[PDB]
Each structure stands twice: as structure tokens, then as C-alpha cells.
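# Examining the three-dimensional arrangement
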Amino acid sequence: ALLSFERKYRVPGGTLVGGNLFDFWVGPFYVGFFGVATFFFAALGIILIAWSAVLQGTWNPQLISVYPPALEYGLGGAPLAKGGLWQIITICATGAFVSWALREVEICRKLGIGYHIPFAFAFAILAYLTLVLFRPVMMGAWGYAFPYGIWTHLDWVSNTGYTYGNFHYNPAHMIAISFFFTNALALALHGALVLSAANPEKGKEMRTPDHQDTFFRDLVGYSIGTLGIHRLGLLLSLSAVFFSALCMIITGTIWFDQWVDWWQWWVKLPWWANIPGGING
Amino acid sequence: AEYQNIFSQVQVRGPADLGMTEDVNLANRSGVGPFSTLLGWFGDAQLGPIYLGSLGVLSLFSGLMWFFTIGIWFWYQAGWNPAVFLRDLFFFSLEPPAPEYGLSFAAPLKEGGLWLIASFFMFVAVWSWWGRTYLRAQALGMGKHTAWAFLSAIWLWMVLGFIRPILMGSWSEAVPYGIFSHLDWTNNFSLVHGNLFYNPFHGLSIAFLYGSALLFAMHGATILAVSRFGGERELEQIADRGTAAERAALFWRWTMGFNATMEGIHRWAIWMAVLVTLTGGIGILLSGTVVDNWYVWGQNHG
Amino acid sequence: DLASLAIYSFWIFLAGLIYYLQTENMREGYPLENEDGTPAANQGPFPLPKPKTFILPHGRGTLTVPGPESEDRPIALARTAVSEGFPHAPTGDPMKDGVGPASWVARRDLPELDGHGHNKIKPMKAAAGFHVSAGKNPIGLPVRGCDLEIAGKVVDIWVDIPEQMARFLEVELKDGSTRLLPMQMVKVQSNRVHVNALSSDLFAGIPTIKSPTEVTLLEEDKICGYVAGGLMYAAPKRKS
Ligand code: BCL
Ligand code: BCL
Ligand SMILES: CC[C@H]1c2cc3[nH]c4c(c3C)C(=O)[C@H](C(=O)OC)c4c3nc(cc4[nH]c(cc(n2)[C@@H]1C)c(C(C)=O)c4C)[C@@H](C)[C@@H]3CCC(=O)OC/C=C(\C)CCC[C@@H](C)CCC[C@H](C)CCCC(C)C
Ligand SMILES: CC[C@H]1c2cc3[nH]c4c(c3C)C(=O)[C@H](C(=O)OC)c4c3nc(cc4[nH]c(cc(n2)[C@@H]1C)c(C(C)=O)c4C)[C@@H](C)[C@@H]3CCC(=O)OC/C=C(\C)CCC[C@H](C)CCC[C@H](C)CCCC(C)C
Ligand SMILES: COC(C)(C)C(=O)C/C=C(\C)CC/C=C(\C)CC/C=C(\C)CCCC/C(C)=C/CC[C@H](C)CC/C=C(\C)CCC=C(C)C
Ligand SMILES: CCCCCCCCCCCC[N+](C)(C)[O-]
Ligand SMILES: CCCCCCCCCCCC[N+](C)(C)[O-]
Ligand SMILES: CCCCCCCCCCCC[N+](C)(C)[O-]
Ligand SMILES: CCCCCCCCCCCC[N+](C)(C)[O-]
Ligand SMILES: [Fe+3]
């Protein structure tokens, strides 16, 4: 049940809501008021999802799919079988997510650490809210949201993309991808660096950090350092997801045409717009 | 508000650190560089020194040759006009030889030869730099994690412009050097193989990419959350568990039911990132050599 | 076919890999225990990994994990219920006792050494050639606690030589003694240094270091521990 050093940490307090009421654990897990909140939202949501599955007449997970209301319903409510169920399920997800974040906050307090983790998570939550709330509202129907199904959701991605041409040309999409790639690069390195120091060549002593900084200056002439790489990681990650939201929130709202075409602005600057030759002249 | 430790609130500087010596040929290391107070707000403020050596120079020279060989081609396309060059910079493209020449090294220069030169340059550039990551580690007596991690990346690149073009029978199947052109090639590569979303490696690869962000978000915010206990000094924490390591592990145990150790978390890390291009490489390799259309394959499984 | 082969293969690879990953993270704090310290009955599907031994630099010995676990300090906590899973209430002063968000681990009572075998962290006064290169130099600024009362003055900065980082602020209290304050728990302002976790009256309780030019892993933990705990336990004294 407890890690060899856990007991002295399991003291009362830190709860945001409800005092000592839910201030307790279940196996390794911490409950807290929000422990309960998330459970309830999670229970409800899964139920509704199964209920959608009978109306659909399949129990096969590769097939199950809960779709939003069709565009004709705009931002109004829709019949269960006709889009209501997704709308509730979406409400329930949100409930789950936010609650899961606030529990993280409550654990943070009991342990006496910073709130960076709940913090970073809120970016994930905000990306999800962008795709099922902010964008549809702004566009004008729940129908612009993505459906909850394993492959159907990949389909929405593909269809929504190809609507504006090759989505690769969405400029904030370019930026968002550069982080995803960069972050992975940096996670690759960080991990590798620490391990190689902690697990040197056979029979040698644990290298030191002073080795970590040296290994990299030797390699690329600079070492962001230990506190750095952790600040770096948090940032690349949060940024990747920040730009991911951005590229979507603008798509279909302030730009509805082909993304490639938006680049004509550059190429049509009057100082070289008419100069012959090249690719565009 | 409380301090967050995303940016330093006081900078401190001493004599330029010339680093650990070990088996390193000190003759090759450079001279310390200026210090950047700009950078000093994030990570380290000190620039340099850097280790040159034979492999560094070869790598660094081939590296520039590659880049320049592409550059002259762009200029030739731009009508040597600096205005066009700027206007059309992302439209220019150095394309592989036509399918006609196959795996031939005899394609005319304007028709694909120049692409081979550039690639040859990149090949040597990249491999030498790989050997560089390895040696730099050896000379400090360190594990070779970094070189092996690097090898994963190399895998996907090897497969894209070398192994797959060769197994298909022609260089024309490789990726063109160009900003918009390599985007198009990608988009088109999926169309031709029946939508890469049905390539289960592609799907796996995305999971590990998404995951890398998830994890580096988790790890980073955690270490910052406990840097108030010298959390960020991970080797010593490994060698002698501090409350930092404890609060870290527990926050996570109490949230989701299990947890890492300080050495442990970094194994999760190196593997989550390395699996991105590992799986990736495989998904692409089978694409068009063994499987012509992932949707059809998806219907049968064979 | 081949593809089918490859993917089935991979899902198998991946499964033994997780298994590996998982057992490696079982190197500390395992095996599990009951609230009374007796070994717990259900330790999960995963076995303990086979031990690994780390050779610590500067002849500081070896470390073998997993290995015999022991807190090596008293815990002043008492159960608040008759069944498992409820909090344990401090039986004294959690701060003074070092439980809760004020917990510290019995790390070695030796300082962290740099790559050369010299003390990693030093008061700047004794760090030849170090200076505040940017930002507000705290040194000389009064220190304010969450109760908005002055508690002391910064009389030095303890820097991390190998990373050129400010780790702690050394503070001179009203009685002329000094304490270390983690850099990460104070806001350096233009005319003062503000500490939100501790009220002026608790600065004296901050554990002291035995030698004036060195800190040990044990003392770092006892200090960081203490200051962090203020956040929850000084709470009645904190106003804003
Ligand atoms: C954000 C970008 C796009 C999108 C584009 C894609 C693309 C492109 C792909 C996926 C893939 C996946 N997507 Mg998606 N996906 C989106 C939004 C979502 C949402 C959401 C609520 O917002 C979720 C939960 C998922 C979940 C998933 C997984 C089924 C799968 C692997 C992801 C992964 O490894 O992440 C990293 C996270 C982890 C490793 C942590 C653990 C995650 C586990 C696997 C979560 C599974 C949840 C799932 C089974 C449903 C549970 C819900 C109920 C409680 C039952 N996507 C939006 C619309 N998604 C890949 C796939 O192969 O699936 C077809 C794929 O190729
Ligand atoms: C229309 C587009 C198609 C498609 C077609 C492809 C194709 C084609 C490929 C990918 C690939 C990938 N796709 Mg896909 N993909 C689509 C939609 C998506 C979506 C989505 C819809 O949300 C996502 C999230 C992804 C995500 C991804 C990545 C997981 C994956 C590449 C990983 C990587 O980091 O390589 C980045 C890393 C590298 C390329 C390694 C290179 C390392 C070298 C050595 C670097 C050298 C630098 C050089 C020498 C210059 C030096 C630098 C200078 C000094 C500055 N795809 C659709 C279906 N996708 C790749 C893959 O693996 O697929 C299975 C791939 O080949
Ligand atoms: C495991 C997967 C991820 C990964 C890992 C990875 N990559 C790696 C490593 C590892 C573990 C290394 O050790 C190695 C490295 O040394 O990094 C520091 C590398 C590396 N990955 C790199 C790039 C890279 N990795 C990528 C991807 C990934 N790498 C994956 C996501 C990508 C993409 C496309 O996503 C890129 C672009 C290099 C930084 C470095 C390998 C360097 C190399 O091989 O150099 C060879 C040649 C040269 C010396 C060329 C120099 C020519 C330049 C001077 C021209 C450009 C001039 C330009 C205009 C300059 C200005 C830039 C401004 C920003 C200031
Ligand atoms: C912001 C950067 C990245 C990030 C960070 C991040 N994620 C995080 C955190 C952080 C910092 C956490 O602390 C938290 C965590 O605890 O991790 C272990 C979390 C987490 N990120 C998760 C998943 C996740 N994160 C993702 C993405 C990312 N997370 C980013 C790329 C993704 C994808 C698709 O990329 C996924 C799948 C969880 C493992 C975990 C949060 C767990 C959680 O919220 O539990 C509460 C909810 C439930 C128990 C289930 C609720 C059931 C619903 C009511 C119904 C189901 C509806 C759903 C909409 C159906 C979708 C079906 C699909 C097929 C489309
Ligand atoms: C300012 O102007 C001057 C001229 C000074 C410049 O220098 C400007 C230069 C620029 C304009 C340069 C611009 C360069 C880019 C736009 C480059 C973009 C490159 C990419 C987007 C590349 C993407 C993908 C590349 C891939 C996957 C390459 C793979 C290569 C290989 C695996 C190598 C394979 C080897 C070959 C085929 C030959 C092997 C032969 C043997 C004998 C072994
Ligand atoms: C966090 C809330 C998320 C809700 C997601 C969608 C709910 C749609 C609410 C509309 C209900 C009725 N209406 C049209 C009268 O407003
Ligand atoms: C590092 C361990 C975590 C790995 C995450 C494994 C779950 C990913 C599930 C992806 C679903 C994939 N597939 C093959 C059907 O496309
Ligand atoms: C993917 C999530 C995995 C989480 C693993 C959690 C381990 C819990 C150990 C069993 C505890 C049991 N319980 C709840 C019945 O008391
Ligand atoms: C895709 C990520 C999945 C994470 C893998 C799940 C590992 C669960 C380990 C549970 C450990 C149980 N224990 C011993 C803590 O009780
Ligand atoms: Fe780390």
C-alpha cells in the first residue's frame, strides 16, 4: 500500500473544497472532493457512450462513434440520437478534465510543491476546448466539432484538413509542428544525457553534471544546463500545443480558403511581384 | 505571487568554465566564447568552448557543401536575381532524378545529378556527426546513449532518401530538397499509399510524438515544481534520494497510481522519443515495398 | 504477410519494454508497506528488479538499489482513523518535527562536490571571481516575511560554481546569526526580498548549518523542507 517513505507525507490538509471530508486515499490514489467529482463525470460519460453504442447497434470499439449534431441544428440543443448525447458527453469530458486538474492542485498543496503540472495540463484541456467549443461557436454549429470514435476522429482530421487544401500550408500549423519535432529532439537528448552520466562506461565512476555541460559544449559549443533543459522542455511542449490551438481557431473563422493561397501575400509584394523569372514569374 | 523559476531573477557569472578534461584531446577544444546574458535568463550564459577534431571539420565542411550545392541551384532557378530569390524562396526545389534513370548515378546535372551530389554531401555530413556524438562521449567515459538515441533519428532519414529509394528501384522516390516541395511530397506520399492514417506504424509514431510532448511536459513541470528542494540536480538525487525525488514520485503516485524514480523517469523519456522515428521508419519502409495501399491492407490485414 | 508480422512483433517488443521500464522504477521506496511499516501483502505483478550498484565519484563509496530501506529519523505522526487510507496527524509541531510538506530526507551529511572534488555550492564571498552580472543584487536588501514584517538582511549569495547559479540567499537575523533561504522560494524586489512561505517569527526556526562556508545534502533537505512547509503551516500568520 505505501512506498517505503510515504507515511510522513500523508498529513491532513491542502484541500481546496470541503475540508477533511474527502481528505483521504484509496490504495495509492488520492481522492479529495475533486477525486469524487471526476469519478462522477467519468461514470456518467462512459454510460452515455455505451447508450450511444446501442442506438448505433454495435459494441465493437473500432466501430463505435458518437457524432455531434448536424450543422442544421446550429448551436442549439439536438435530440439524443441526433446529437444531444455527444453534447452531454462533451460536457462530461470537460467536467472530468477540469476536475482532474483541480485534484492535481489539491495534491500539490498537500505536498508543498509548485503548480507547474496542473498548469501545463490546462494547455491540453484548452486544445480540446478549442476543437469542441471555441471553434464550433465561433463557426456557428456544434457540427464543426470532431466525433468521439477511434477512427472516425482520424477521419474528421483528414476531411477538415483537406477542406482548406494541403493543411501543411497553414502557417501556425508549420510553427506548431516545429515545436513537436523540436521537443521530441530535446526529450531524446535530455534523457540520453542524464542516463549516460548516471550509467558510464563499465567500471567507471558516476560521471557528474560538470560532465554533462562539457559533453555538450564539446558537441555543439553550448549547454543550456540542468535547470535550463527542464525549463526548455516545459516550454517547447506548452508551445507546441499553444500553436496547435491557434492554427485551428483561425481555420474556418478568419481564413476559409485554401491555405496555400494565403502565401500569395508574400509573393505579391509590389517590389518583386512583377519581376519575371523564378517560379512565380 | 510566488516565484515560478521559469526565468532567473539574479544572474551570476565567474571565470569561464573550460570543463572536465578526462581523455579529451584539449588541443582540439576551442577558446571560450563570449557570455550571453540574454540566454542567461533561461539556461547557461557561457558560450563555448567547442571541440573541433577531424570528424567535426569533415562533418561541418560536408554540411556547408550540401547546403550550398542546394543554394546555387535555387540561385540558378531565380535567374540570379536577388529579388526573385527572395520572392520565390520556398517554391524553389532540388528534385531527384527522373524515374527513367532508376538507381543510376548518370542523370544529367539539371536533371537530377545535382541532387545526388547534395545528398552524397548530406550522407557524409550526418554519419560523421554521428561518429562525433559517440567519440565525444567516449572521451569523457560516458554511456553512449546519445549516439544510440541519435541512431533512431538517422533511421527515418536513412529510410526516406536512401533505403526506400533503393528497394523501389529508383532515386525518384526520394525527398526533394525544398521548403514547400518536401511538404507536397509528404502530402502526396500518403495519397499514393492509400492514406497513411491506416499505416499502423504511422499511428504508433503519432502516439509517441504526442506522448513526447505529454512526457516532457510532465517531467519539466515536475522538476520545476520541486526545484525548491534542488529537484533539478538529478544525478546526486539518483545517488542519494532527496525529498525532491520523493515529493516528485508521490505527487504522481497519488494522481495516477504508479510512479517513476529519478533515473527511471529518464528511461521513460529516452524511449518515448526514440520510438517516434523508430516506428516511423518502419511504417514508411513497408510503404510501397510490401504494402501499396494501407486502406486495402487495413480491410484484410495482409 | 510481412507488415502483419512486423506490427504483431512490435506490440510484443513494446510489452516487454514497458515491463522493463516499470521494474527499473521500482528501484526506490519498494517494496510497499502498511502504515505500520510491516511489508504489504500485494506488491503488484512486477518483481523487484535485480540490484544495480553505482560507483560514486571522489571515493564516496557505492550505492546499491534496490536495497534495505529505512527512514533513519523519527516520524511524529499519529493515525486519525482505525482503517487504512486516512491522514496521519502531526503529534507536535510539523515544522519543528519535519513531517508533512515540511518533510526532509536523511541524505548524507556531506556536501555535493563538483567534477573536481571541490564543494559544488559556496558563499559568493569565498567564490573567487563571481559577481552578480545581471538583475538586482539582493545583497544588502532587507528580508520581509508573509506577515509583512522585516526578518533580516541578505549578507551574501551562495552560488553554484559549476552552473553559475544563485541557489540560496544567506540572511542575517536580529540576533546576528544567519540562515540560508532557497533562491526558489523568494521574490527579489527593487527595495526588498519578500518570502511568502515564512512569517517573520519563523525564520529563527530555519535549521542552521554546522560550518559557515559549506552546506550538506542533509542540511539542504532540512532547510528546503522547512521553508516549503511554511506554505501550509505558517498559513495563519500570512495576510495579504
Ligand atoms: C489533437 C490532434 C487531433 C487528433 C489526431 C490524431 C491522430 C492523427 C492520431 C491520433 C491517435 C490517437 N488519438 Mg487523437 N486526435 C485528437 C484528439 C484526441 C482526444 C481528445 C479527447 O481530444 C483523445 C483522447 C485522442 C486519443 C487518441 C488515441 C485513441 C490515439 C493515440 C493517442 C496518443 O498516443 O496520445 C499520447 C497519449 C498517451 C500515450 C497517454 C495515454 C493515452 C491513451 C492511449 C488514451 C486512450 C483513450 C481512448 C482509448 C478513449 C478513452 C475514452 C473513454 C474513457 C473510454 N485524440 C485531435 C482531434 N489522434 C493516433 C491513433 O493511432 O489512433 C487512431 C493517430 O494516428
Ligand atoms: C498529408 C500528410 C499525411 C502524412 C504523411 C507522412 C509522411 C510521408 C511521413 C509522416 C511522418 C510522420 N507523421 Mg504523418 N501524415 C499525415 C498526418 C499527420 C498528423 C496529423 C494529421 O495530425 C500527425 C500528428 C503526423 C505526425 C507524423 C510524425 C509522427 C511522423 C514523423 C516523426 C518525426 O518526428 O520525424 C521528424 C524527424 C526526422 C525526419 C529525422 C531526420 C533526422 C536527420 C538526421 C536530421 C538532419 C538535419 C539536416 C542534416 C540539416 C541540419 C540542420 C541545420 C544545421 C539547421 N502525421 C497525413 C496522413 N507523415 C513520417 C513517418 O515516420 O511516417 C510513418 C513520414 O515519413
Ligand atoms: C529521436 C527522434 C528525434 C531526434 C533525435 C536526435 N537528433 C539529434 C540527436 C538526437 C538524439 C543528436 O544527438 C544530434 C545532435 O547533435 O543534437 C544536438 C541530432 C541532431 N538533429 C538535428 C536536426 C533535426 N533532428 C530532427 C528530428 C529528430 N531528432 C527527432 C524528432 C529534425 C526534424 C526534421 O524534426 C531535425 C531538423 C541536428 C540539430 C543534429 C544533427 C546535426 C548534424 O548531423 O549535422 C550534420 C551537418 C552539419 C554540420 C550542417 C550544418 C549546415 C548549417 C550551417 C546550415 C544552415 C545555416 C542556417 C541558415 C543557420 C542559422 C540558424 C538560426 C536559428 C540562428
Ligand atoms: C500540453 C502538452 C501535452 C500534454 C500535457 C499533459 N497531459 C496531461 C498532463 C500534462 C502536463 C497531466 O498532468 C495529466 C496526467 O495525469 O498525465 C499522466 C495529463 C493527461 N493527458 C492524458 C491524455 C492525453 N494527453 C494528450 C496530449 C497532451 N498532454 C499534450 C500534447 C493526448 C493526446 C491525444 O495528444 C492524450 C490522449 C491523460 C493520460 C492524462 C489526463 C487524464 C484525465 O483527465 O482523467 C480524467 C478523465 C477520465 C478518467 C476519463 C473521462 C471519460 C470521459 C468523460 C468520456 C470519454 C470522452 C472522450 C472525449 C472520448 C474521446 C475518444 C477518442 C477516440 C477521440
Ligand atoms: C544565401 O545564398 C547561398 C548560395 C550563399 C546559400 O547558401 C543559400 C542556400 C539555401 C537557399 C539553401 C536551402 C536549403 C533547404 C531549403 C534545404 C531543405 C532540405 C529539406 C527540407 C530536406 C528534407 C528531407 C531530406 C531527406 C530525407 C534527405 C535524405 C538524404 C539521404 C538519406 C542521403 C542519401 C544518399 C544519396 C542518395 C547518395 C549516396 C551515394 C553513395 C556513394 C553512398
Ligand atoms: C463546459 C460546457 C460544454 C458544453 C458543450 C456543448 C453544450 C451545448 C449547450 C447548449 C444547450 C442549449 N442552448 C442552445 C439553449 O443554449
Ligand atoms: C512508452 C509507453 C507508452 C506507449 C503508448 C501505447 C499506446 C498507444 C496506442 C496507439 C493506438 C494504435 N494503432 C496501432 C491502433 O494505431
Ligand atoms: C494505467 C493505470 C494503472 C494504475 C495502476 C494502479 C495500481 C493500483 C494497485 C491496486 C490498488 C487497489 N484497490 C483500488 C482495490 O485498492
Ligand atoms: C501508456 C502508459 C501506460 C503505463 C503503464 C502502466 C504501468 C502500471 C504499473 C502499476 C504499478 C503497481 N504498483 C506496484 C505501483 O502498485
Ligand atoms: Fe530530468
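Residues numbered from 1 in each chain as written, not as in the entry; some residues may be left out. Chains lettered and ligands numbered in written order. Heavy atoms only, no water.

As documented in the archive entry, the model was determined using X-ray crystallography at 3.2 Å resolution.

## With respect to the UniProt feature "transmembrane region" in chain C
How we decide: UniProt positions are given in the numbering used here, feature names are shortened, and annotations may be inferred rather than shown by experiment. Every helix listed is a DSSP run of H or I at least four residues long, and every strand listed is a run of E at least two residues long, numbered separately from the N terminus.
Under the present numbering, the feature "transmembrane region" in UniProt falls on residues 2-21 of chain C. Counting secondary structure, residues 2-21 of chain C comes out at 100% helix and 0% strand; the distance between its end C-alpha atoms is 28 Å.

## A short note on the site of ligand 5
Residue and element names in this part refer to chain B. Quick note on the threshold: When we say a residue is near a molecule or strand, we mean one of its heavy atoms is within 4 Å of it. Under the rule applied, a polar contact is a pair of N or O atoms within 3.5 Å (in protein, one hydrogen donor and one hydrogen acceptor; residues adjacent in sequence only if both atoms are side-chain atoms). Residue-level accessible areas treat just the shown protein chains as cover; the underlying method is Shrake-Rupley with a 1.4 Å probe.
Surrounding ligand 5, one finds 20 residues, the nearest of these being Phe-68, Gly-71, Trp-75, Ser-119 and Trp-157. Note that an oxygen atom of ligand 5 is positioned 3.1 Å from one of the side-chain N or O atoms of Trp-75. When isolated, ligand 5 has an accessible area of 1,100 Å², and the protein chains bury 78% of it. Broken down by secondary-structure element, the contributors of at least two residues to the shell around ligand 5 are α1 (53-77), α3 (109-138), α4 (145-168) and α5 (179-192).

## Section: the domain arrangement of chain C
Residues and elements named next belong to chain C. As a reminder of what qualifies: In this document the domain limits rely on a domain assignment from an automatic tool or a database. Pairs of residues are marked as contacts when any of their non-hydrogen atoms sit within 4.5 Å. Throughout, buried area stands for the accessible area (probe radius 1.4 Å) lost by two parts on being put together, summed over both. The salt bridge criterion pairs a side-chain nitrogen of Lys or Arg with a carboxyl oxygen of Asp or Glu, the two atoms within 4 Å. Charged residues are taken to be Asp, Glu, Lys and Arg, nonpolar residues to be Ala, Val, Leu, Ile, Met, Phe, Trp, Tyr, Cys and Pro, and polar residues to be all remaining types, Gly included.
Domain boundaries assigned for chain C yield domain 1 (2-106) and domain 2 (107-239). Taken over C-alpha atoms, the centre of domain 1 sits 30 Å from the centre of domain 2. If you look at the interface, domain 1 gives 14 residues, while domain 2 gives 21 residues. Roughly 1,400 Å² is buried in total at the junction of domain 1 and domain 2, and carbon and sulfur atoms are behind 67% of that figure. For domain 1, the biggest contributors to the area lost against domain 2 are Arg-60, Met-95 and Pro-101; these three give 48% of the whole. For the interface between domain 1 and domain 2, the tally reads 0 salt bridges. Counting every contact that joins domain 1 to domain 2 gives 5 residue pairs in polar contact. Across the side of domain 1 that touches domain 2, the residue classes tally to 10 nonpolar, 3 polar and 1 charged.

## Side note on the coordination of the magnesium atom of ligand 2
Spelled out, the test is: For Na, K and Ca the donor cut-off is 3.2 Å, while for other metals it is 2.8 Å, and in both cases only N, O and S atoms qualify; water is not among them, so sites may look incomplete.
The protein gives the magnesium atom of ligand 2 a lone donor atom, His-202 of chain B (NE2), placed 2.2 Å from the metal. Here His-202 of chain B is to be found in helix α6 (residues 200-225).

## Details of the packing of aromatic side chains
Put simply, the rule is: A pair of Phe, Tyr and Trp rings is counted when the ring centres sit within 6.5 Å of each other, with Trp represented by its six-membered ring. The angle between the planes then sorts it: under 30 degrees is stacked, over 60 is edge-to-face, the rest tilted. Criterion for a charge above a ring: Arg CZ or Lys NZ at most 6 Å from the ring centre, at most 35 degrees from the ring normal.
Applying the stated rule across the entire model yields 56 aromatic pairs over all chains. Look at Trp-262 of chain A and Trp-263 of chain A: their rings are 5.0 Å apart centre to centre, the planes differ by 90 degrees, and that puts the pair in the edge-to-face class. By the ring-pair criterion, three or more aromatic residues cluster together here, those being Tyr-169, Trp-255, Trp-259, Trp-262, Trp-263, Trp-265, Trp-266, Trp-271 and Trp-272 of chain A together with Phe-90, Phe-91 and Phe-180 of chain B. Its guanidinium or amino end placed over the ring of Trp-100 of chain A, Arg-103 of chain A lies 5.0 Å from that ring's centre, counting from NZ or CZ.

## Examining the UniProt feature "binding site: a ubiquinone" in chain B
Mapped onto this numbering, the UniProt entry annotates "binding site: a ubiquinone" at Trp-252 of chain B. When sequence neighbours within four positions are dropped, the list of residues in contact with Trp-252 of chain B reads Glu-104 and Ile-117 of chain A together with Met-218, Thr-222, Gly-257, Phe-258 and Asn-259 of chain B. A polar side-chain atom of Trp-252 of chain B sits 3.1 Å from a polar atom in the side chain of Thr-222 of chain B.

## Section: the nonpolar core
All names here are of chain C. Where we set the bar: Buried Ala, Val, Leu, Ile, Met, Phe, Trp, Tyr and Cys residues that are joined via side-chain atoms within 4.5 Å together make up what is termed a nonpolar core. Relative accessibility under 20% of the residue-type maximum defines a buried residue, over 50% an exposed one, and the middle range a partly exposed one, all with a 1.4 Å probe and only protein chains included.
In terms of nonpolar packing, the biggest core is built from 79 residues, with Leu-181, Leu-198 and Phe-203 touching the most fellow members. With 7 residues, helix α3 (residues 217-233) is the largest single contributor of residues to this core. Apart from the residues lying within four places of it in its own chain, the contact partners of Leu-181 are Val-143, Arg-167, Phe-168, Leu-169, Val-171, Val-186, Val-195, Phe-203, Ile-206 and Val-227.

## Focus: the site of ligand 9
Neighbouring ligand 9 are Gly-257 and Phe-258 of chain B together with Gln-22, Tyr-30 and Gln-43 of chain C. Proximal residues around ligand 9 fall on chains B and C, making this an inter-chain site. About the coverage of ligand 9: the protein hides 57% of its 500 Å² of free accessible area. Grouping the constituent residues of the shell around ligand 9 by class yields 2 nonpolar, 3 polar and no charged.

## Some thoughts on the environment of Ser-83 of chain C
All names here are of chain C. Its place among the elements puts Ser-83 in the loop between β3 (77-79) and β4 (88-90). For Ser-83, a relative accessible area of 38% gives the class partly exposed. Sequence separation of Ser-83 and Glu-35 is 48 residues, and the distance between their C-alpha atoms is 9.7 Å.

## Description of the interface of chain B and chain C
In plain terms, the rule: Strands qualify as paired when DSSP identifies two bridges or more between them.
Listed per partner, the contact involves 55 residues of chain B and 70 residues of chain C. Together chain B and chain C conceal approximately 5,300 Å² of surface at their shared face, both sides included; 56% is due to carbon and sulfur atoms. Among the residues chain B hides against chain C, the three largest losses belong to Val-12, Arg-233 and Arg-241 of chain B. Together they make up 14% of the total. At the boundary of chain B and chain C, one finds 8 salt bridges. Across the salt bridge formed by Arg-233 of chain B and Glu-220 of chain C, the nearest N and O atoms sit 2.5 Å from each other. Taken together, the elements giving at least two residues each to the side of chain B that touches chain C come down to β1 (10-13), α6, α7 (234-239), α8 (243-256) and α9 (262-285) of chain B. Among the elements that line the side of chain B that touches chain C, the one with the most residues is α9 of chain B, at 8 residues. Note that β1 of chain B and strand β6 (residues 131-135) of chain C share 4 bridges and pair antiparallel. What sits directly across from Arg-13 of chain B, in β6 of chain C, is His-131 of chain C.

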